[PDB]
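Visitor: Take a look and give me a structure for this.
(6 chains, ligands or ions: 15)
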Amino acid sequence: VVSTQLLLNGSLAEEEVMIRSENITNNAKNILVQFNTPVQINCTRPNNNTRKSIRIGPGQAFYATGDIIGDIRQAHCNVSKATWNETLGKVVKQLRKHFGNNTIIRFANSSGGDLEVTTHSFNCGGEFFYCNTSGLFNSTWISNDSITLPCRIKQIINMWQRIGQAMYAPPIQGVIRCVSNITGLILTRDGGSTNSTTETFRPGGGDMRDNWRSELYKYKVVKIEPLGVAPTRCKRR
Amino acid sequence: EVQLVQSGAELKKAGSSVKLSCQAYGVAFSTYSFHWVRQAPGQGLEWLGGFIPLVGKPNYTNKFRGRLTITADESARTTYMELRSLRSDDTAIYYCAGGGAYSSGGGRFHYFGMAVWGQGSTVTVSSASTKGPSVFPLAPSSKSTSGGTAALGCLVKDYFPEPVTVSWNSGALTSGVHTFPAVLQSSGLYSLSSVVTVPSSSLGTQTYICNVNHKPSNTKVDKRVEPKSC
Amino acid sequence: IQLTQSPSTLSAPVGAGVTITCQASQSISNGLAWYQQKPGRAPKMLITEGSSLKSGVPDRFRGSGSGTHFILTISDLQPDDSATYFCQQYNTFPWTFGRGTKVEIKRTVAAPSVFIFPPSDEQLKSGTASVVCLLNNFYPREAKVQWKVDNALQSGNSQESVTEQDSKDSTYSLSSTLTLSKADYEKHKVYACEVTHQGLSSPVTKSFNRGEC
Amino acid sequence: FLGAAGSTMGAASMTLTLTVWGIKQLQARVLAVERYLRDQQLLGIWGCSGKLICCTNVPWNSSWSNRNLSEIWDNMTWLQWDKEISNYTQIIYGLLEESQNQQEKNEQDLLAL
Amino acid sequence: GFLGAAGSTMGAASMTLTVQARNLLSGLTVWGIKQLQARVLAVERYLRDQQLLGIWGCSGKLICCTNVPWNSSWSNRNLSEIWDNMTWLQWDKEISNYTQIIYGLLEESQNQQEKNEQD
Amino acid sequence: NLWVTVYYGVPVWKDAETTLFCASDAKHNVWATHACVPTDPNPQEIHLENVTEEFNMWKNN
Ligand SMILES: *[C@@H]1O[C@H](CO)[C@@H](O[C@@H]2O[C@H](CO)[C@@H](O[C@@H]3O[C@H](CO)[C@@H](O)[C@H](O[C@H]4O[C@H](CO)[C@@H](O)[C@H](O)[C@@H]4O[C@H]4O[C@H](CO)[C@@H](O)[C@H](O)[C@@H]4O)[C@@H]3O)[C@H](O)[C@H]2NC(C)=O)[C@H](O)[C@H]1NC(C)=O
Ligand SMILES: *[C@@H]1O[C@H](CO)[C@@H](O[C@@H]2O[C@H](CO)[C@@H](O[C@@H]3O[C@H](CO)[C@@H](O)[C@H](O)[C@@H]3O)[C@H](O)[C@H]2NC(C)=O)[C@H](O)[C@H]1NC(C)=O
Ligand SMILES: *[C@@H]1O[C@H](CO)[C@@H](O[C@@H]2O[C@H](CO)[C@@H](O)[C@H](O)[C@H]2NC(C)=O)[C@H](O)[C@H]1NC(C)=O
Ligand SMILES: *[C@@H]1O[C@H](CO)[C@@H](O[C@@H]2O[C@H](CO)[C@@H](O)[C@H](O)[C@H]2NC(C)=O)[C@H](O)[C@H]1NC(C)=O
Ligand SMILES: *[C@@H]1O[C@H](CO)[C@@H](O[C@@H]2O[C@H](CO)[C@@H](O)[C@H](O)[C@H]2NC(C)=O)[C@H](O)[C@H]1NC(C)=O
Ligand SMILES: *[C@@H]1O[C@H](CO)[C@@H](O[C@@H]2O[C@H](CO)[C@@H](O)[C@H](O)[C@H]2NC(C)=O)[C@H](O)[C@H]1NC(C)=O
Ligand SMILES: *[C@@H]1O[C@H](CO)[C@@H](O[C@@H]2O[C@H](CO)[C@@H](O)[C@H](O)[C@H]2NC(C)=O)[C@H](O)[C@H]1NC(C)=O
Ligand SMILES: *[C@@H]1O[C@H](CO)[C@@H](O[C@@H]2O[C@H](CO)[C@@H](O)[C@H](O)[C@H]2NC(C)=O)[C@H](O)[C@H]1NC(C)=O
Ligand SMILES: *[C@@H]1O[C@H](CO)[C@@H](O)[C@H](O)[C@H]1NC(C)=O
Ligand SMILES: *[C@@H]1O[C@H](CO)[C@@H](O)[C@H](O)[C@H]1NC(C)=O
Ligand SMILES: *[C@@H]1O[C@H](CO)[C@@H](O)[C@H](O)[C@H]1NC(C)=O
Ligand SMILES: *[C@@H]1O[C@H](CO)[C@@H](O)[C@H](O)[C@H]1NC(C)=O
Ligand SMILES: *[C@@H]1O[C@H](CO)[C@@H](O)[C@H](O)[C@H]1NC(C)=O
Ligand SMILES: *[C@@H]1O[C@H](CO)[C@@H](O)[C@H](O)[C@H]1NC(C)=O
Ligand SMILES: *[C@@H]1O[C@H](CO)[C@@H](O)[C@H](O)[C@H]1NC(C)=O
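Guide: Numbers count the residues shown, from 1 in each chain, chains lettered A, B, ... in the order given. Ligands and ions are numbered 1, 2, ... in the order given. There you are, the coordinates:
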């Protein structure tokens, strides 16, 4: 699963929310958060699209978008407010074990970068979504309703942080809807010096190795060497 | 750490059969070596049989051939010793011991002895019936005080069979405690005394209780010892 | 295979070195182990493979020998060492033990502390009276206890039990129980113990009167 | 399979018994065959073929390891033992080969008369 | 080391068989496919030699004795000038003509031995 | 008098790097799972008693 700022359709922890980092005091390192229970997210593109074919050469066709029938509305995702509040409370409780009993922990949105990094980017049934998660990370913690994230759609895609190979995604016909589980986070910390009693965490991501490091973290590969020599008191006849 | 836990005491009649169990903790059961060793009262140690669960073929001494069987339950991690056609000389304390071994290939196994021992089970072969013990207080007095030290104890009388365990203050008082060996009275019942010497100034402030347990009769008695009222 | 132990008994002071010899009827290579047993306890293994010391065992115990002769040496004797030592062969089935060597700690002569306990009222309610005589912390083990009722010597109605040597001060204790019927107990007045021991210049008498404190 | 990794050596001695994916499969098959053949050949050149415990004719040099047999088979694991004698493996491997070649020559000499 | 006894006599080089024995199994791009077929080829050659040894009754041996008498038409030299005055490289050039006859003889002899032993 | 004895099948292992292949549960998909080996229905898992290993999440190959 390729996504940023949010791990989807993965595995869950078994006892508590897990916080992992290479060096937790180095703020240049990403923090990986593994959830205990998943958070449902509903994403939809509600336009009824149309596809047309244009012959650009002998045996070559280009699939363009025709006319949307009906009204034109914005694509969006929905998350539950209470479940997100509970999950953030648990994450804060487990994060305080590395920063102390009495530190103020606040969540603020991302800051700077390209659209892939500053937004929750994913792919729902052919279409590529980039959603604004400024309502997910906006709070401060001191020791029925829904949250709607508006999303944009892009058709020319640059993957794997490469330059020189773009890809065009042909249109998908009809309304699009999907349901996913949020099961983790990728976070970063700000370098607050000069006797800072508060810590600020911002969503991160962009490198896909951290996505599959959250699945291959309990595995290692070893080589078997089933041949040994030892001393005894017995001799070959 | 490896630990072996044995069953409790047993009373049997002549011609009957007895079965003892020994459970192992802390090792892989199948590749360990388990042995049974009996000790008669006032005698030395005797080896009965040894056995490795994986190989499954027990080895016995010739004196107990046909009457001794050694089995193992791997799921329960237990080993069982069964003795048949009991006689008067079979009354003894039976220990379950364990030790490691290794193989050089070709049916050859080399051992290191019995490194872990159990606590032992007392098996008494007799026609007498099990009887609970009577506990009486050997109270401290002016005749039991010497140089600021007073002796007080408990007399455990008329019980069968052995053994009985006696502690002081639930094991808190161990210093100065003498538990005398049981003596066989003419009536066929056992009797003993367990005494402790304490500072004389602690008689009026410290409570002394002897806890006696006779497992064969399922008897547990906590007797308080106080200076005799005058 | 028969294992012969020498000597059967041995007494030595603290800090002294003692030697126990185990001889095999036929060669057993290195498959010999030394065990120590204390009264009322399971044996504890001291030496394996003739000369290899078990973990947790004090270094004052050493093993040596091979073939048919093996030696166990205790260089720095301690009061905790009073016990029975066995040699066991595990080279060939069936495994066999030695007859054991009893090691006792010899200490200075100590006079016994003598105490007397009259039978309790609870026991008197049962129709029997057992009176107790206690000798505490004396050495050597040999001692003499005599029962006297109404200044008359008693015989055939008393039983004695001696504890094994203590592991801390290497002393002995003795309990002598004199058992009588309730009527016989009530028929007499004075009950006395006379104790004779090497540490006592004269026999010591501890007596009580029935019904008196 | 690897179930006695934490037991003593003696206890463990009783229980010794195209496309992106298509290119990766073939390399695994070749590697497995190579490893099997190498182990079988190494066993064969020592005279130990067809056995899981094989007795050799090469005395143990005390400079390789000076411990007694009680602290090897009753106090270590094979992973602990491998860390001690790792520097001397090739010496022993050459000694075994020379010893087996001498045995072959001696058998030929015995059949000669 | 490897092939070090190439100039030594046939008797002195018969005690170094294990040295040459072990150096026979392990001892996408331009360079990518030039390394896999090498491994497969080495494996096949080793297996062919092992099967040839096995079907003569000499499986898992370095020196193996057979029941085929030495036909004097192959060579007439005595043993004093073969194991002490010759080398394997010099010996092969002479008997390179009669190799397949000996191979067939060994195969038939071993098969006959198995057939009459099982009976 | 001690001699060398050879044991084949001892439980020893070392850290390594190798090529892992793919298995998938048994057509046009970006990750061609149709070219992968079928998966065993009940895979075998062996618990290793009294064994402590060292893992590093951030240097996995
Ligand atoms: C996390 O997991 C959840 C659950 O596993 C994922 O949610 C699922 O998402 C998939 C993909 O979007 C969705 O399946 C589609 O649902 C529709 C009904 O079946 C169809 O739109 C679609 O089938 C069409 O597309 C397939 C792809 O090629 C074709 O094989 C198929 O034939 C269909 O194509 C025909 O129809 C379309 C439109 O009708 C037309 O354009 C074509 O020409 C052709 O005629 C898929 O089956 C599941 O329904 C979702 N499940 C749930 C419970 O919501 C989620 O995506 C995951 N999240 C992430 C981030 O990966
Ligand atoms: C290897 O791992 C096993 C399994 O975890 C360990 O076995 C365990 O050993 C302990 C003692 O170290 C045992 O505890 C004891 O058990 C009983 C019942 O409780 C009793 O004798 C004691 O009160 C004590 O608790 C424990 O039961 C045992 N577990 C099992 C499943 O056998 C073993 O110790 C480990 N090996 C080493 C060398 O550490
Ligand atoms: C984790 O990173 C921190 C920096 O964020 C390292 O701590 C620094 O260590 C250097 C010396 O190497 C000191 O000069 C700095 O003052 C330290 N910084 C702080 C904030 O204390 C830390 O060593 C790193 N941890 C590891 C295990 O490498
Ligand atoms: C996410 O929630 C919104 C808001 O509830 C849903 O959008 C519509 O919201 C209006 C009011 O703003 C409601 O009257 C409509 O009923 C909602 N739409 C529908 C189809 O019921 C939106 O549907 C939700 N998102 C998804 C993916 O279901
Ligand atoms: C996401 O969508 C699912 C359906 O895909 C919603 O689950 C339904 O919720 C309604 C309203 O409570 C229930 O009546 C239905 O029974 C639910 N369906 C199922 C299949 O569980 C879910 O509530 C949506 N979540 C958010 C956060 O909007
Ligand atoms: C994070 O949130 C801040 C504050 O909500 C966003 O800054 C706003 O940016 C918009 C334009 O996109 C301006 O019109 C607002 O005035 C800004 N607000 C403030 C308080 O300065 C910011 O864009 C967000 N960053 C993201 C989404 O990456
Ligand atoms: C993500 O959402 C936030 C909050 O809705 C956006 O911030 C708003 O930006 C608009 C202009 O786009 C301003 O008019 C609002 O005043 C801003 N809100 C606040 C609370 O400051 C933010 O711009 C969005 N990020 C994008 C579009 O990249
Ligand atoms: C997403 O989370 C939901 C909710 O926990 C998961 O649905 C569970 O699935 C398991 C396995 O099939 C069922 O036993 C549970 O009963 C389901 N829970 C509920 C509340 O219905 C779902 O598996 C998760 N994963 C995906 C990919 O949707
Ligand atoms: C992980 O746990 C180890 C101890 O097992 C500790 O040394 C290390 O600092 C921990 N790392 C983090 C990020 O908490
Ligand atoms: C989308 O448009 C098609 C073509 O007009 C129509 O058949 C289909 O029902 C529409 N889907 C909707 C409105 O959800
Ligand atoms: C989330 O919890 C915080 C802390 O208790 C609270 O201030 C906030 O109102 C909660 N949000 C909800 C219940 O939507
Ligand atoms: C932080 O507070 C929690 C509250 O449950 C407490 O358990 C924990 O010990 C505290 N951490 C400290 C005192 O370092
Ligand atoms: C962040 O939270 C504050 C406080 O409730 C609110 O005023 C602000 O609009 C929020 N920003 C968002 C939702 O982008
Ligand atoms: C094995 O050799 C290495 C490399 O020289 C050395 O570091 C190590 O100490 C050696 N170990 C022994 C036991 O000689
Ligand atoms: C080379 O030939 C000489 C002379 O015959 C002989 O002494 C020597 O051993 C030979 N060397 C080798 C390596 O075969």
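Visitor: okay, CA-based contacts and neighbour counts for the rest of this
Guide: OK.
Visitor: For residue C:54, give its distance to residue C:68.
Guide: With distances taken as CA to CA, to the nearest Å, residue C:54 is found 22 Å from residue C:68.
Visitor: what do you get for residue B:119?
Guide: The value you get for residue B:119 to residue C:68, if CA to CA is used, is 32 Å.
Visitor: Please give me every residue in contact with residue B:29.
Guide: B:53, B:74, B:77 (CA atoms under 8 Å, 6 or more residues apart in numbering or on different chains).
Visitor: And residue B:119 and residue C:68? Which one has more around it.
Guide: More neighbours surround residue B:119 than the other of residue B:119 and residue C:68, with 21 against 15 (other CA atoms under 10 Å in any protein chain shown).
Visitor: My guess is the more buried one contacts residue C:41. True?
Guide: Yes. Using CA atoms under 8 Å, residue B:119 makes contact with residue C:41 at a distance of 7.4 Å.
Visitor: still on that earlier bit, so which of the contacts of residue B:29 belong to strands?
Guide: Using DSSP state E to define strands, no part of these is located there.
Visitor: Name the nearest residue to residue A:231, ignoring sequence neighbours.
Guide: Nearest residue to residue A:231, sequence neighbours excluded (CA to CA, 6 or more residues apart in numbering or on different chains): residue F:4, at 4.9 Å.
Visitor: Quickly note the distance from that neighbour to residue A:234.
Guide: Distance from residue F:4 to residue A:234, by CA to CA: 9 Å.
Visitor: Residue B:124 now?
Guide: 45 Å.
Visitor: if you count what's nearby, which of the two comes out ahead?
Guide: Neighbour count, other CA under 10 Å: between residue B:124 and residue A:234, residue B:124 has more, with 25 against 17.
Visitor: which residues does that one contact?
Guide: B:10-12, B:90-92, B:161-162.
Visitor: what about 7 Å?
Guide: B:10-12, B:91-92, B:161 (CA atoms under 7 Å, 6 or more residues apart in numbering or on different chains).
Visitor: Kindly report the same for residue B:230.
Guide: residue C:213.
Visitor: Can you classify residue D:54 as helix, strand or coil?
Guide: strand (DSSP: H, G, I helix; E, B strand; the rest coil).
Visitor: Any idea what it is bridged to?
Guide: With DSSP bridges applied, residue D:54 shows beta-bridge pairing to residue F:6.
Visitor: so how far is ligand 8 from it?
Guide: Relative to ligand 8, residue D:54 is positioned 52 Å away (CA to the nearest ligand atom, to the nearest Å).
Visitor: hang on, the earlier thing: can you pick the most crowded of the contacts of residue B:124?
Guide: residue B:161 (27 neighbours).
Visitor: That residue and ligand 13: what is the separation?
Guide: Counting by CA to the nearest ligand atom, the gap from residue B:161 to ligand 13 is 81 Å.
Visitor: what's the nearest residue to that residue if we skip its chain neighbours?
Guide: Nearest non-adjacent residue to residue B:161 (CA to CA, 6+ apart): residue B:130, at 6.3 Å.
Visitor: Near chain F, which residues of chain A are found?
Guide: Taking CA under 7 Å from any CA of the partner chain as the measure of proximity, chain A contacts chain F at A:22, A:217, A:221-235.
Visitor: Now intersect these with the strands, please.
Guide: Short answer: these in strands (DSSP E) are A:222-224, A:227-232.
Visitor: okay, those in CSV with distance to residue A:2 next?
Guide: As requested, those are exported to CSV (distance: CA to CA, whole Å):
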residue, distance to residue A:2
A:222, 29
A:223, 31
A:224, 34
A:227, 44
A:228, 46
A:229, 49
A:230, 52
A:231, 55
A:232, 58
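Visitor: quick one: which of these is nearest residue C:33?
Guide: residue A:232 (19.5 Å; CA to CA).
Visitor: OK, contacts around the residue in chain F positioned nearest to chain B?
Guide: Closest contact between chain F and chain B, by CA to the nearest CA, is at residue F:5 (7.6 Å). Taking CA under 7 Å, 6+ apart as the criterion, residue F:5 is in contact with A:229-232, D:54-56.
Visitor: tally of neighbours for the spatially closest residue to residue B:192 that is not a sequence neighbour?
Guide: With CA to CA, 6+ apart as the criterion, residue B:192 has its nearest non-adjacent residue at 4.8 Å, and that residue is residue B:182. Other residues lying near residue B:182 total 19 when counted by other CA under 10 Å.
Visitor: Can you tell me which of the contacts of residue F:5 is nearest ligand 4?
Guide: The shortest gap between ligand 4 and any of the contacts of residue F:5 belongs to residue A:229, at 66.4 Å (CA to the nearest ligand atom).
Visitor: Which single residue of chain B approaches ligand 6 most closely?
Guide: residue B:26 (58.0 Å).
Visitor: Quick check: closest non-adjacent residue to the spatially most central residue of chain C.
Guide: When CA atoms, centre = their mean is applied to chain C, the residue found nearest the centroid is residue C:164 (2.3 Å). Spatial nearest neighbour of residue C:164, chain neighbours left out: residue C:172 (6.4 Å); criterion: CA to CA, 6+ apart.
Visitor: Tell me the spacing between that neighbour and residue B:224.
Guide: 26 Å.
Visitor: ok, the two, which is more surrounded?
Guide: For the pair residue C:172 and residue B:224, the greater number of neighbours falls to residue C:172 (21 against 17), based on other CA under 10 Å.
Visitor: so that one makes contact with residue C:166?
Guide: Yes. Using CA atoms under 7 Å, residue C:172 makes contact with residue C:166 at a distance of 6.5 Å.
Visitor: check whether stretch A:66-82 contacts ligand 4.
Guide: Yes. With CA under 6 Å from any ligand atom as the criterion, ligand 4 is reached by stretch A:66-82 at A:77-78.
Visitor: Of the contacts of residue B:124, which belong to strands?
Guide: Taking DSSP E, the ones among these that sit in strands are B:10-12, B:92.
Visitor: what separates residue A:49 from residue A:155, distance-wise?
Guide: From residue A:49 across to residue A:155, the span is 14 Å (CA to CA).
Visitor: more crowded one of those two?
Guide: Neighbours were counted for residue A:49 and for residue A:155 using other CA under 10 Å; residue A:49 has more, 19 against 13.
Visitor: List the contacts of the more buried one.
Guide: Counting by CA under 7 Å, 6+ apart, residue A:49 has contacts A:67-68, A:172-174.
Visitor: Can you flag the buried ones in those residues?
Guide: Taking 16 or more other CA atoms under 10 Å in any protein chain shown as the criterion, nothing in the contacts of residue A:49 is buried.
Visitor: Sketch out the helices for chain D, chain order is fine.
Guide: Ranges of helices within chain D are D:9-12, D:20-45, D:70-73, D:78-84, D:89-112, based on DSSP state H.
Visitor: would you turn those helices into TSV with distance to residue C:32?
Guide: TSV is the format used below for the helices of chain D (distance: least, CA to CA, whole Å):
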stretch	distance to residue C:32
helix D:9-12	19
helix D:20-45	36
helix D:70-73	13
helix D:78-84	26
helix D:89-112	32
